[PDB]
Amino acid sequence: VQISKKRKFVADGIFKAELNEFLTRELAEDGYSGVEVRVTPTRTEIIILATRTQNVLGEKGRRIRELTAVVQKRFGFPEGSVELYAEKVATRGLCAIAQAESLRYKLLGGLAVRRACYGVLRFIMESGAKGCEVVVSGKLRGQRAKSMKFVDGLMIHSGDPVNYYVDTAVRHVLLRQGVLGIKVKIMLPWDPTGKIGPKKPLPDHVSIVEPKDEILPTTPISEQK
Amino acid sequence: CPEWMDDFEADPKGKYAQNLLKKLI
Amino acid sequence: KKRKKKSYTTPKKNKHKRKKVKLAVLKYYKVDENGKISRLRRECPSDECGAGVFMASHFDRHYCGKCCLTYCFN
Amino acid sequence: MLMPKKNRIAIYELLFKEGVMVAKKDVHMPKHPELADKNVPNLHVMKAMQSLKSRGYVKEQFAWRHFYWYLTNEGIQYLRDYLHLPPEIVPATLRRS
RNA sequence: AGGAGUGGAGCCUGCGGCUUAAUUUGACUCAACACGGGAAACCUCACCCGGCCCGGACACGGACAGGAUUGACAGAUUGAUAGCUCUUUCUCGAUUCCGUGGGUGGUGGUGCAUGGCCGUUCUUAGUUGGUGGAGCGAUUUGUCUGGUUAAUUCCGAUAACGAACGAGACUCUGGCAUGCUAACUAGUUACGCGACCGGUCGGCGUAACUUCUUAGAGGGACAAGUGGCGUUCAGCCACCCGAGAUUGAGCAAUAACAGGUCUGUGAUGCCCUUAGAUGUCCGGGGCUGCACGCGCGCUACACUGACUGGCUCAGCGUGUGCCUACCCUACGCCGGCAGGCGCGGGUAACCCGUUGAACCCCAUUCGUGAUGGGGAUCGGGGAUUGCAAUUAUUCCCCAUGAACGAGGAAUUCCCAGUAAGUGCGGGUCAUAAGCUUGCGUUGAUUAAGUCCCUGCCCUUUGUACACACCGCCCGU
Ligand SMILES: [Mg+2]
Ligand SMILES: [Mg+2]
Ligand SMILES: [Mg+2]
Ligand SMILES: [Mg+2]
Ligand SMILES: [Mg+2]
Ligand SMILES: [Mg+2]
Ligand SMILES: [Zn+2]
């Protein structure tokens, strides 16, 4: 039959969440950043945003086909109806999930914590970010856990602008002695129409138009046209 | 080396502080 | 956190070990000296229990083992 | 596990047919939805698939109470030998393109 | 200043103790104790007594065409239609079995090994560079004598000037719009047709349209106007006009806690266990056990009330499910009742529903007493949900009818549609709210202040502290 609108919306949200979790677990190593689900008559297009699209596709597309089939089998879409693209992020430096994955696989590669964090920070700043903050917590040195914070630029924390001016990601790193937690926050620059950042300005920012230089008429001149 | 500055800044007073300071100069 | 100390309830229940029988010679009986095999056991009268399967013969009753169909001697 | 030969055979034909296999992590459901009408319990699917993974023939992923298994090249060769399929028979994932 | 209290009673709940086969345990000041969404019949489930299963991958050797798998009967279960074991003898056919490695998973330990999340310091008003000034230097000024603010909010002093995070701004929400957009899943007027005595029609139907209802865009409030107080500044007080002259939430810095959580997780490192298992099913116990102590609460002690009829008003919202069994209900009939049986609508501004809520309002009987207050306890019957209701799930009926007459020391929460009365929804939910989270409904007394108590901030000052007073330290 059919279900209520409330249940339908909750259900498609649940589907999106599970799909994103599975795609994360599958393509974290390939710079996975997110999934977009587009429903069109008799078709469902799944766009996977990743930094390394060729690794996501695999050789001759094999990997992507596998993924499609797996989705087809899991969520019970009719055979041949679901399909999966794969695109690249516009700016990797401004995606906190991508930077968190980069830091994760840097730490998994034996790189020292401070070197990796400072490199990620500098790459984010060089990408045009207004500011960023990277926190790594856990057994960094010895048996006692500690936290380690790296900040640069401007970073807001309160109010509604935090929901569209700063992008946040939290990730786990499985090391020999235990889990390291990494948190990456990027404060996006104000972008008027062009997606490097939000279109709306910060609510407390007031810009005053510079008055043009006029010359006061000394005498009444009448111009006939 | 930047790695020396990092390892020193992590523990400015530690088992490896003197060696890293000597390396920095 | 203490040990079970379950020696009160049994001394370890033995598991079943199937007795090894050599072959199925006792089922068929050619030995007619004229190549006439006689079946020394009944066969099952179930659909999936055709000429291949047989039925056991206890001190009473006939038992299949495949479909668990029983015919008491009486 | 101890399972009938036909069960393992059917599991293998499915896996070779699309090169992937998903299954809910639930040992108590009586029929695998894709392997229904063949009376293959889901537990049999999970245990056979874990056997193949241990032997290195599939790659496994888990998320939200579901296993996903992808056939590997060594798994493709092993399944071709096991089911005796002609060298020209290939799983659906290798086709297209 | 006061309001409602509670601490006293009975009951319901959580905690300790006691008890026990077991009464699983986490968390003891705020920052544990109707908390773990923790309302446990089974399940849940960790705990106790019994009993099946392997769901012990894989690699290496044994055994092997018979490796090994089921199983009807009688015994037996020291519970079972458990082939669990015996007895017995068929069955299945390389999937196993027997060893060695090796794995796997545990609501096992460790929250003092961790991540994440949350709580707390602290919803306080705090925090930090750059350049300049002062110091040999750690460092300091900026970040302040003072007025002002809810605010490190501003004004103003000024070796500082410019800034950043936090506060504010912001988002959601409450009030206003006869102005705009526009509606048979909302209506209202008007007109016809009917029913009763021009009137009453949630009676029927179709034009107008958008006041009422929905929900979009925009508007609207800024201490803006007036008068006082102020350095005549920042602002404060009062008044007019006005829908409104302080609606309520959400988010929230630097830094820290050995705060809580390994019992939320296919989050986790190390240990422990791993086949008569701490894995997992399956019976039965427990989690409630009761000399006692302690929290949150519910119902009261009546007449500003109980009883019995009569009358008449809400809002928030939730409804038929992946697995997944289990929805909200109108109307008819049967039965005091709780219920039962037929019939329909609804996946919902469409049906329940016009949500005919309670208090309150009106009338009645009682008549100052443990009384017709109050409903603990207990007996006997009847139903419902469930696989099982006993230790009594819940509900109904008839009986029984305890303490309690306003509560000692001591304490909590509160400034307006607020406290408090009063119902209603959501969660939990097969069955179920004395809990919690929301919603309306009736609707106040008092205050417009202060550091007295309690904290918590500063500032100056002292220190022999710096693991920082739970410090340091002296002598027999
Ligand atoms: Mg704010
Ligand atoms: Mg300086
Ligand atoms: Mg100087
Ligand atoms: Mg200072
Ligand atoms: Mg005081
Ligand atoms: Mg000292
Ligand atoms: Zn038979």
Side-chain angles (χ1 to χ4, degrees), chain A residues 1-8 11 14-15 25 75-76 131 136-139 142-145 147 149 151 153-163 170-183 200 202-206, chain C residues 1 4 6-16 18-24 26-27 41 44 49 52-72, chain D residues 1-9 24-29 33 43-44 46-56 60-67:
Chain A
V1 277
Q2 69 311 3
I3 64 176
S4 46
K5 278 316 166 29
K6 306 184 207 179
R7 269 199 205 246
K8 170 183 162 323
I14 293 279
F15 155 74
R25 301 219 202 199
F75 300 112
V136 176
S137 342
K139 297 146 80 171
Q143 254 317 317
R144 179 114 190 201
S147 153
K149 192 191 259 181
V151 307
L154 201 144
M155 169 67 47
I156 56 165
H157 299 81
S158 65
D160 211 339
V162 84
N163 292 319
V170 181
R171 288 302 121 98
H172 294 244
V173 189
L174 261 298
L175 290 202
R176 293 182 183 174
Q177 312 290 3
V179 178
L180 275 180
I182 79 196
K183 298 202 203 76
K200 275 192 318 276
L202 275 181
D204 42 334
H205 166 86
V206 166
Chain C
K1 276 141 283 185
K4 200 74 58 212
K6 293 179 179 179
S7 287
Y8 294 90
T9 59
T10 85
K12 181 120 179 215
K13 179 90 133 264
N14 54 339
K15 309 299 240 108
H16 185 233
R18 340 193 173 261
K19 258 147 271 172
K20 211 85 53 180
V21 63
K22 199 63 227 83
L23 294 125
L26 51 154
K27 265 152 212 84
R41 311 264 176 266
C44 187
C49 273
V53 317
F54 284 77
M55 260 183 323
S57 54
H58 312 279
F59 64 123
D60 67 324
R61 99 177 153 284
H62 283 305
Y63 162 63
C64 186
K66 175 168 272 223
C67 64
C68 312
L69 155 81
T70 326
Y71 287 134
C72 216
Chain D
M1 183 176 282
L2 187 86
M3 26 183 306
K5 183 178 179 180
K6 26 167 271 293
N7 278 19
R8 192 167 320 239
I9 281 173
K24 197 177 189 177
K25 185 220 177 32
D26 155 25
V27 303
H28 296 118
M29 77 150 66
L43 165 79
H44 289 187
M46 308 163 12
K47 287 326 170 161
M49 272 319 79
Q50 88 147 336
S51 189
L52 286 187
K53 159 162 138 305
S54 165
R55 267 176 303 177
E60 141 180 343
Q61 192 80 78
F62 200 90
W64 288 39
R65 312 178 68 163
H66 272 261
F67 294 98

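To find a chain, count down the sequence lines: A is the first, B the second, and so on, and within it residues start at 1. No hydrogens, no waters, no symmetry mates; every other heavy atom, side chains included, goes into these values.
Qualifying salt bridge (charged side-chain N to carboxylate O under 4.0 Å, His left out) partners for A/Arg171, counting only residues two or more places apart in sequence or in other chains: A/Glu101. For D/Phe67, the ring pair (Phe, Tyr, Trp, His ring centres under 6.0 Å) partners at least two apart in sequence or on another chain are D/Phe62, D/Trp69. Partners of A/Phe75 under the ring pair (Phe, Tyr, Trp, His ring centres under 6.0 Å) rule, at least two apart in sequence or in another chain, are A/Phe15. Under the salt bridge (charged side-chain N to carboxylate O under 4.0 Å, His left out) criterion, D/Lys53 pairs with D/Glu60, not counting sequence neighbours. Checked against side chain to side chain donor-acceptor pair (under 3.5 Å), A/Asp160 has the following partners two or more places apart in sequence or in another chain: A/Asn163. Looking at residues two or more places apart in sequence or on another chain, you find no side chain to side chain donor-acceptor pair (under 3.5 Å) involving C/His62. Under the salt bridge (charged side-chain N to carboxylate O under 4.0 Å, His left out) criterion, A/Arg25 pairs with A/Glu21, sequence neighbours left out.
Nearer the 5' end of RNA chain E, as judged by each residue's closest nucleotide, is the contact made by A/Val162, out of A/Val162 and A/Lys6.
South is the pucker assigned to the sugar of E/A389, its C1'-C2'-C3'-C4' torsion being negative.
Using a 4.0 Å heavy-atom criterion, one finds that D/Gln61 contacts no nucleic acid atom at all. No engagement by A/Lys8 is indicated, since no non-hydrogen atom pair under 4.0 Å with the nucleic acid exists. Using a 4.0 Å heavy-atom cutoff across all strands shown, D/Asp26 reaches no nucleic acid atom at all. Note on A/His172: a base of the nucleic acid sits closer than 4.0 angstrom, heavy atoms only. Among the heavy atoms of the strands lying under 4.0 Å from A/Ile156 are primed sugar atoms or P, OP1, OP2 only; no base atom is included. Contact annotation for D/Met46: no contact, since no heavy-atom pair falls under 4.0 Å across all strands.
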If you restrict it to nitrogen or oxygen atoms, what contacts under 3.5 Å exist between nucleotides 255-257 of chain E and the protein, and what is each distance?
unit_1, atom_1, unit_2, atom_2, d
E/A255, OP2, A/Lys149, NZ, 2.4

Interface polar pairs with nucleotides 169-173 of chain E, N/O, under 3.5 angstrom:
unit_1, atom_1, unit_2, atom_2, d
E/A169, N6, A/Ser158, O, 3.4
E/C170, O2, A/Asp160, N, 3.3
E/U171, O4', A/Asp160, OD2, 2.7
E/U171, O2', A/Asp160, OD2, 3.3

Contacts under 3.5 Å, N or O only, protein and nucleotides 277-279 of chain E:
unit_1, atom_1, unit_2, atom_2, d
E/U278, OP1, C/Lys4, NZ, 3.1
E/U278, OP2, C/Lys4, NZ, 3.4

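The shortest heavy-atom contact between D/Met3 and D/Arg8 is CG-NH2, 3.2 Å.
Counting distance only, with no hydrogens placed and no angle test, the side-chain atoms of C/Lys1 and the base atoms of E/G108 include no donor-acceptor pair under 3.5 Å. Contact annotation: side chain of C/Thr10 to base of E/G276, donor-acceptor pair present below 3.5 Å.
Between D/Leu52 atom CG and D/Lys47 atom NZ the span is 13.0 Å, to the nearest 0.5 Å. For the atom pair OG of A/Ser137 and NZ of A/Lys183, the computed distance is 4.5 Å after rounding to the nearest 0.5 Å.
Atom NE2 in D/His66 sits roughly 13 Å away from atom P in E/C322 (whole-Å rounding). Regarding C/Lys19, its NZ atom lies at a distance of 8 Å from the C1' atom of E/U88, rounded to whole Å. Following rounding to the nearest Å, D/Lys25 (NZ) and E/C322 (P) show an atom-to-atom distance of 23 Å.
Both conditions hold for E/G344 and E/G345, whose six-membered rings have centres under 5.5 angstrom apart and planes under 30 degrees, so their bases stack. Stacking between E/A21 and E/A22 holds: their six-membered rings sit with centres below 5.5 angstrom apart and planes below 30 degrees.
The side chain of A/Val170 approaches E/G116 more closely than any other nucleotide in the set E/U114, E/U89, E/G116.
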Per-nt protein contacts along nucleotides 55-79 of chain E (heavy atom under 4.0 Å; B base, S backbone sugar-phosphate only, - none) come out as B-BSS------SSSBBBBB------
When every nucleotide of nucleotides 19-26 of chain E is labelled 5' to 3' by its protein contacts under 4.0 Å (heavy atoms), B for base, S for sugar-phosphate only, - for none, what sequence of letters results? --------
